[PDB]
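Beneath this line is the structure, given in structure tokens, with notes to follow.
Taken together, the values in this text are just the output of simple stated rules run on the coordinates, not laboratory data. Positions of Cβ are generated from backbone atoms using ideal geometry, with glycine treated the same way; all protein chains shown enter the neighbour counts.
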Amino acid sequence: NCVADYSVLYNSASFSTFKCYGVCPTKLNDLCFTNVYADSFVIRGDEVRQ
Amino acid sequence: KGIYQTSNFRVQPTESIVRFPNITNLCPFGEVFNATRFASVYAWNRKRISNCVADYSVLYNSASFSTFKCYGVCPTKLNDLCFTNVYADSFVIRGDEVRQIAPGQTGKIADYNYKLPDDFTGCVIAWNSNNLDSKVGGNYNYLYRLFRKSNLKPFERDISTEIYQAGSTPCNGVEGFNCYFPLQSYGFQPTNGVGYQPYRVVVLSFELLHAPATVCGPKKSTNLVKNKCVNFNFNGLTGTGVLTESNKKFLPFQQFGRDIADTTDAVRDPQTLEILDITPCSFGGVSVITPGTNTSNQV
Amino acid sequence: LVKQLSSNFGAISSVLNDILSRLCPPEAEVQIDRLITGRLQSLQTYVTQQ
Amino acid sequence: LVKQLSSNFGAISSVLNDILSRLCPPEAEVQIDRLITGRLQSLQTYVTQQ
Amino acid sequence: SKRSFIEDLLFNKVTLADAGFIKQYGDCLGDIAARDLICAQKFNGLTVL
Amino acid sequence: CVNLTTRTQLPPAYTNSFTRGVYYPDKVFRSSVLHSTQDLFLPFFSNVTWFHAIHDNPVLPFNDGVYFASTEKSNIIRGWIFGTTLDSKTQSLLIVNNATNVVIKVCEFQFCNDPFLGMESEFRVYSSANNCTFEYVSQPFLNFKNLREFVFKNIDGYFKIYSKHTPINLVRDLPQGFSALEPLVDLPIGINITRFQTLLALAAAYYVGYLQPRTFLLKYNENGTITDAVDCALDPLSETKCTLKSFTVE
Ligand SMILES: C=CC1=C(C)/C(=C/c2[nH]c(/C=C3N=C(/C=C4\NC(=O)C(C)=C4C=C)C(C)=C\3CCC(=O)O)c(CCC(=O)O)c2C)NC1=O
Ligand SMILES: *[C@@H]1O[C@H](CO)[C@@H](O[C@@H]2O[C@H](CO)[C@@H](O)[C@H](O)[C@H]2NC(C)=O)[C@H](O)[C@H]1NC(C)=O
Ligand SMILES: *[C@@H]1O[C@H](CO)[C@@H](O)[C@H](O)[C@H]1NC(C)=O
Ligand SMILES: *[C@@H]1O[C@H](CO)[C@@H](O)[C@H](O)[C@H]1NC(C)=O
Ligand SMILES: *[C@@H]1O[C@H](CO)[C@@H](O)[C@H](O)[C@H]1NC(C)=O
Ligand SMILES: *[C@@H]1O[C@H](CO)[C@@H](O)[C@H](O)[C@H]1NC(C)=O
Ligand SMILES: *[C@@H]1O[C@H](CO)[C@@H](O)[C@H](O)[C@H]1NC(C)=O
Ligand SMILES: *[C@@H]1O[C@H](CO)[C@@H](O)[C@H](O)[C@H]1NC(C)=O
Ligand SMILES: *[C@@H]1O[C@H](CO)[C@@H](O)[C@H](O)[C@H]1NC(C)=O
Ligand SMILES: *[C@@H]1O[C@H](CO)[C@@H](O)[C@H](O)[C@H]1NC(C)=O
């Protein structure tokens, strides 16, 4: 039950990495999704590659 | 027994020939890499570069780049090429946002301040400047746009400063609630986190082998050999063939001529403005007439 | 022939608009080329049989 | 057939030497494969018609 | 030749767009003002036996 | 700046744009061939707005590239302005020729309501210049008889200007002849252009047409010059020529 603007993160946040597989990000504004799951956690810095 | 239209392996080229424009000027790499002041990202600088030889060995001797990503041209083939036009888009950004300077990316930088064509050809070069641009207490001379009514176009520079109506409240173009000033600044401190350190970025945009070349790599030219199939290189356009004199009325802006097949038919020599047709080395089929083996080997 | 429009030919999808709405030129064109060569192959086969 | 030498087939250029002077094996070979399969396809079509 | 009158008419009515059956190297290298189709074919491995 | 009061004008005239609006799509030399290319072109036999000087010029929209053309005998028509608001709030492309040097700017400009140059003096076309990012200046120099046809387009940050200057002997209307426009200049500006206006130095008229995304067939002759072209989707005959890749249909 969402509208996804990701402009608040622009206003405040600053991401080190933003890698999208299957969906290049610039086409992300004009799309709708069936299901969305946010898998959130914390890791060590190097392991971000993994 | 019979005749066979055999494949064409008989002749193989032996030597190479290199021909380039006769320019001895050294390119102003310093004025863009070694600059007192870089343009801010919203007002990024675009420097035409011309009448150049590009060695990029001075940067080797002194500089050390964090990122060197070339689209359309892998770097090792960069020495033996010449470019039609070259524009250095120079500016400074925040450290993380270095990822955003690329085709297909999105972000505040990609969307509001700077944008690349998805068909961009050229090289993005970035290195930190946390020990030069940054200063204690913050550096507020480097700003960027934070809100825009819509998305940017490639290489579009929007230097507008008028108030952005974030809400539906028309605040007459003056500061107020739900409508703020689009431009924002970074606080760069030498002790700040890596993702917040300033990075100097330069984007060399060009387009290859479609027009006369005035800038080129550092390879030295050679003499020309006619009526012999040789491995030639004219303004970075390589190939193998026999070079022969020709008459062609090339227009001043036209550098290459092409045949029905859209293969290069003739080249205007950069040093001596004459046109040379190229013809393949292995012209002419060869057919072997022979009696069948088990009888004789004469043919 | 019409059933061959359902083939992915190794692409993410058989629908052009899905790819174009999801993907952007630098790597979208590869999937589009795959679909184009597959469908052109099917047409060439059909014409040869005819 | 000769006009089909002008086709890019999705490549950056129809000229082999341009690709080879601009690109190096690990990803140049992909464009070269694209050109080779396109031109071999054109030849196969021509031979079939003949 | 031993072509008949009628055969002469036939050969003179239908046109054989191949520059005959002879087209030397020097013939193509001298024909640099027109970019002959047959020369373009010949430089790309296409030959007419 | 000053404001105009006395106007001897008429409703905007209309004429037919035909056999014109074609330019070289690239800088490659090719001869005695027929090449198909898809790009923004002026559709043949379209409707083109015809304007006269009073005996002033309105601001027009800039839709996906504009074809401009005009016939001249005394160099009245001395430049153009491009932009969105054209009041110094945003960068605005300015091209001028004051009989000495062709000048190109992208400065933020407060344009005069009524441009005029010179009768023989009084350069009065703008009133502000700030935060400029480009400047180009050439070297000094000093029936209608000369037709000049230009194409101004804005593609991915480059403002591309194609042109053709020819002698003529005709006053009434546009000629029926054929002429291709060579590429003259490509400026990296990075400006959002939506509206534009012309510049006069105060017999005079001009024509403005709009480009559309069309496919065209182009004929290079033995000297590599464009001698003829065919529109695609103009009409069934042209569509037949376009699909058949030929100018002659059996
Ligand atoms: C305003 C922009 C502008 C452009 C883009 C321009 C292009 C241009 N005009 C030229 C010739 C010329 N151009 C003009 C005059 C004009 N041509 C025009 O586009 C306009 C607007 C005028 C003035 C009203 C004349 C008189 C010549 C020389 C023609 C001759 O030989 O008699 C030339 C060839 C230079 C030469 O060989 O001497 C160029 C490149 N001139 C300009 O002034
Ligand atoms: C270039 O300028 C035009 C004109 O201002 C912009 O288009 C307008 O944008 C506003 C704000 O979103 C809208 O309210 C108008 O309806 C738009 N008009 C038209 C005709 O589109 C356009 O967005 C600008 N270009 C960019 C890249 O921002
Ligand atoms: C460059 O051009 C000049 C004159 O055309 C010629 O004499 C010279 O040999 C060329 N090459 C160099 C390296 O100067
Ligand atoms: C840039 O500056 C450094 C130190 O100031 C210097 O060593 C280097 O040679 C300069 N770059 C060039 C191209 O001269
Ligand atoms: C425009 O110039 C004024 C001073 O004339 C300055 O205050 C303002 O910051 C400038 N704007 C930009 C975007 O450079
Ligand atoms: C091939 O050689 C063998 C032995 O030398 C002989 O028996 C046979 O007849 C030969 N065949 C032909 C076709 O000459
Ligand atoms: C008159 O000139 C002023 C500037 O001096 C301008 O603001 C106004 O729009 C002009 N009005 C007319 C009708 O030209
Ligand atoms: C423009 O010309 C066409 C014919 O070329 C005509 O049908 C049309 O009505 C004209 N436009 C106007 C506004 O009259
Ligand atoms: C007008 O002509 C003079 C004389 O050549 C020149 O100095 C000036 O630059 C021209 N106008 C502009 C705006 O440059
Ligand atoms: C092409 O150029 C040649 C040589 O200058 C000339 O004789 C011929 O007339 C030109 N073609 C045309 C159509 O004028």
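Numbers below:
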| item | result |
| --- | --- |
| Odd one out for residue F:131, checked against (1) within 16 Å of ligand 7 (Cβ to nearest atom); (2) more than 15 Å from residue F:80 (Cα to Cα) | (1) |
| Filter pass, residue B:223 being more than 16 Å from ligand 6 (Cβ to nearest atom), within 21 Å of residue F:85 (Cβ to Cβ), surrounded by fewer than 14 Cβ atoms within 10 Å (Cβ to Cβ) and not aromatic (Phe, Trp, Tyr) | no |
| Filter result (in a strand (DSSP E or B), within 12 Å of ligand 9 (Cβ to nearest atom) and surrounded by fewer than 16 Cβ atoms within 10 Å (Cβ to Cβ)) within the range F:109-149 | F:124, F:135, F:136, F:137 |
| Scope the range F:215-225; condition surrounded by fewer than 19 Cβ atoms within 10 Å (Cβ to Cβ) and under 23 Å from the mean Cα position of the chain (by Cα); matching residues | F:215, F:219, F:225 |
| Close pairs (9 angstrom Cβ cut-off, 6 or more residues apart or separate chains): among the charged types (D, E, K, R) in the range F:1-17, in a loop (DSSP other than H, G, I, E, B) anywhere | F:7/F:54; F:7/F:56 |
| Residue under evaluation residue F:172, criteria (1) farther than 24 Å from residue F:22 by Cα; (2) out of contact with any strand residue (DSSP E or B) (no Cβ under 8 Å at 6 or more places or on another chain); (3) part of a loop (DSSP other than H, G, I, E, B); (4) of a type outside the set (S, T, N, Q), criterion not met | (1) |
| Positions within the range F:226-245 being exposed (fewer than 14 other Cβ atoms within 10 Å of the Cβ) and over 26 Å from the mean Cα position of the chain (by Cα), in sequence order | F:236, F:237, F:240, F:243, F:244, F:245 |
| Residues of the range B:110-134 that turn out to be in a loop (DSSP other than H, G, I, E, B) and more than 13 Å from chain A (Cβ to nearest Cβ), as a count | 10 |
| Positions within the range B:246-266 being away from chain D (no Cβ under 12 Å) and under 11 Å from residue B:279 (Cα atoms), in sequence order | B:266 |
| Subset of the range F:87-105 (residues that are surrounded by 21 or more Cβ atoms within 10 Å (Cβ to Cβ) and within 15 Å of ligand 2 (Cβ to nearest atom)) | F:91, F:92, F:93 |
| Hits in the range B:40-55 (condition: buried (at least 20 other Cβ atoms within 10 Å of the Cβ), farther than 19 Å from residue B:158 by Cα and not β-branched (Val, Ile, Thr)) | B:54 |
| Members of the range F:175-190 that are of a type in the set (A, V, I, L, M, F, W, C) and in a strand (DSSP E or B) | F:180, F:181, F:184, F:185, F:187 |
| Elements of type helices (runs of 4 or more DSSP H) in chain E, at least 3 residues being within 17 Å of residue B:259 (Cβ to Cβ) | E:25-30, E:37-42 |
| Hits in the range F:102-127 (condition: within 14 Å of chain B (Cβ to nearest Cβ) and away from ligand 5 (no atom under 16 Å from the Cβ)) | F:104 |
| Among the residues listed as F:178, F:144, F:159, F:196, the single one being more than 16 Å from ligand 8 (Cβ to nearest atom), within 12 Å of chain B (Cβ to nearest Cβ) and among the aromatic types (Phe, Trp, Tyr) | F:159 |
| Subset of the range B:212-245 [under 30 Å from residue B:155 (Cα atoms) and either within 11 Å of another protein chain (Cβ to nearest Cβ) or assigned to a loop (DSSP other than H, G, I, E, B) (or both)] | B:212, B:213, B:214, B:217, B:218, B:235, B:236, B:237 |
| Those residues of chain E which are under 13 Å from the mean Cα position of the chain (by Cα), within 29 Å of residue F:223 (Cβ to Cβ) and among the polar types (S, T, N, Q), in sequence order | E:15, E:24, E:41 |
| Selection from the range F:57-86 of residues that are hydrophobic (A, V, I, L, M, F, W, C), under 14 Å from the mean Cα position of the chain (by Cα) and more than 16 Å from ligand 2 (Cβ to nearest atom) | F:68, F:69, F:77, F:80 |
| Scan of the range B:162-178 for residues that are within 16 Å of ligand 5 (Cβ to nearest atom), in a loop (DSSP other than H, G, I, E, B) and surrounded by 15 or more Cβ atoms within 10 Å (Cβ to Cβ), ordered by number | B:163 |
| Odd one out for residue D:15, checked against (1) facing chain B (nearest Cβ under 9 Å); (2) out of contact with any strand residue (DSSP E or B) (no Cβ under 8 Å at 6 or more places or on another chain); (3) of a type in the set (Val, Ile, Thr); (4) under 21 Å from residue B:79 (Cβ atoms) | (2) |
| Extreme residue, nearest to ligand 4 (Cβ to nearest atom), among residues of the range B:122-171 that are of a type in the set (A, V, I, L, M) and closer than 23 Å to residue A:9 by Cα | B:143 |
| Only one of B:107, B:72, B:30 that is of a type in the set (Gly, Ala, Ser) and within 14 Å of chain A (Cβ to nearest Cβ) | B:107 |
| Scope the range F:4-53; condition basic (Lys, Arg) and either within 14 Å of another protein chain (Cβ to nearest Cβ) or within 16 Å of ligand 7 (Cβ to nearest atom) (or both); matching residues | F:7, F:27, F:30 |
| Complete set of residues in the range B:179-211 that are part of a loop (DSSP other than H, G, I, E, B) and either among the basic types (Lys, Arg) or more than 14 Å from chain F (Cβ to nearest Cβ) (or both) | B:181, B:186, B:187, B:188, B:189, B:190, B:191, B:192, B:193, B:197 |
| Residue count for the range B:21-42, restricted to those that are away from ligand 4 (no atom under 16 Å from the Cβ) and touching a strand residue (DSSP E or B) at 6+ places or on another chain (Cβ under 8 Å) | 7 |
| Residue list for chain A, restricted to those being part of a helix (DSSP H, G or I), out of contact with any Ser or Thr (no Cβ under 6 Å at 6 or more places or on another chain) and of a type outside the set (A, V, I, L, M, F, W, C) | A:10, A:11, A:12, A:27, A:46, A:47, A:49 |
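Residue by residue, here is whether (1) part of a helix (DSSP H, G or I); (2) within 12 Å of the chain's Cα centre (by Cα); (3) over 22 Å from residue A:23 (Cβ atoms) holds:
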| residue | (1), (2), (3) |
| --- | --- |
| C:4 | yes, yes, yes |
| C:11 | no, yes, no |
| C:14 | no, yes, no |
| C:31 | yes, yes, no |
| C:34 | yes, yes, no |
| C:38 | yes, yes, yes |
| C:42 | yes, yes, yes |
| C:48 | yes, no, yes |
